[PDB]
Number of protein chains: 2
Amino acid sequence: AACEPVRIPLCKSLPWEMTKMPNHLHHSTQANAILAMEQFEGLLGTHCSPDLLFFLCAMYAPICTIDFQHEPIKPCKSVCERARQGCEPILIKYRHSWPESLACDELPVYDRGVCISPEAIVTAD
Amino acid sequence: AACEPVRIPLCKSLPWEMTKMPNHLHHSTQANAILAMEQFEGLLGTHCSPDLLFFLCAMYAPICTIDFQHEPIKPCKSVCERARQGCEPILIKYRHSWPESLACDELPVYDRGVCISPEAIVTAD
């Protein structure tokens, strides 16, 4: 299984352009990841967390590395936590819940100890 | 340039094993990064920071990705700050300071927005 370009529209604005399946939702093809991501357009529009996009894209289309072949690197537990703390209340307010598949507590890979996180960037309008 | 195996002794205990040059000290070959790490054996031995090893290896032998061809992914500024916070006082006590090459303010690649960080593993050993 080799790398493939990211094709999730909402994720193209992020830093990396190469991903590899299966992703962290266990989708075998990116076509399934694309469909899955569409469900988040509304929550993303509420700006409940500046880290929600990064977290979702790190889960649905993880950056490709030659190390970690079967289970790609994952977003840091701390980033998942920031996203959940900011967005779960909004989901709740609208009679929905944070999905178990995005639970932060069992996010980390046993015996690994490395993850990816966002970093401040220089931007304007 | 393509990935190459990590050969710095002290970094082999880390999660990844494939890196790519130049590293973040601008070494063209890993051979020179090896000589450098040797100089940090003393500081690493004081256990002034549990993040120092990760930080130094993230700088001297960064994880290989297909993305970021010319400048590999860097360790997060926050990981650098924790390592400097715990270790700088020790360097000062013995008339040294945090080196210019490892300045934390220089880690963010301002038009990128992603970095690598360590994360706790679940162990009792």
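All chain A residue numbers match Swiss-Prot; in order, they span 33-157.
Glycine too: its Cβ is placed from the backbone N, Cα and C atoms.
Residues or ranges marked as disulfide bond in Swiss-Prot: A:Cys35-A:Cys96 (among others). Applying an 8 A CB threshold to same-chain residues 6+ apart, the list for A:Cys35 (disulfide bond) reads A:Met50, A:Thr51, A:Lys52, A:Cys96. The DSSP secondary structure for A:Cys35 (disulfide bond) is coil.
Same-chain residues at least 6 positions away in sequence with a Cβ under 8 Å from that of A:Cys89 (disulfide bond) are, in sequence order, A:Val38, A:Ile40, A:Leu42, A:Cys43, A:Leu46. According to Swiss-Prot, the disulfide bond annotation covers A:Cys43-A:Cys89 (among others).
For A:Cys119 (disulfide bond), the Cβ neighbour count at a 10 Å cut-off comes to 22, with all displayed protein chains included. The disulfide bond annotation in Swiss-Prot covers A:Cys80-A:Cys119 (among others).
In the three-state DSSP classification, A:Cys147 (disulfide bond) falls within a strand. Residues annotated as disulfide bond in Swiss-Prot: A:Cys108-A:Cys147 (among others).
What Swiss-Prot records for A:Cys112-A:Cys136 (among others) is disulfide bond. Around A:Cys112 (disulfide bond), the same-chain residues at least 6 positions away in sequence with a Cβ under 8 Å from its Cβ are A:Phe87, A:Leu134, A:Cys136, A:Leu139.
Using a Cβ-Cβ cut-off of under 8 Å to chain B, the disulfide-bonded residues A:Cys35, A:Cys108, A:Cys119, A:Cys136 reduce to A:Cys35, A:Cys108. When the disulfide-bonded residues A:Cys43, A:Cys96, A:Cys108 are compared by the number of other C-beta atoms lying within 10 angstroms of their own C-beta, A:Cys43 comes out lowest. Close to A:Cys147 (disulfide bond) in the fold, though at least 6 residues off in sequence, lie A:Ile105, A:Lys106, A:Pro107, A:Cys108, A:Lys109, A:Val111, A:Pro140, each with a CB less than 8 Å from its CB.
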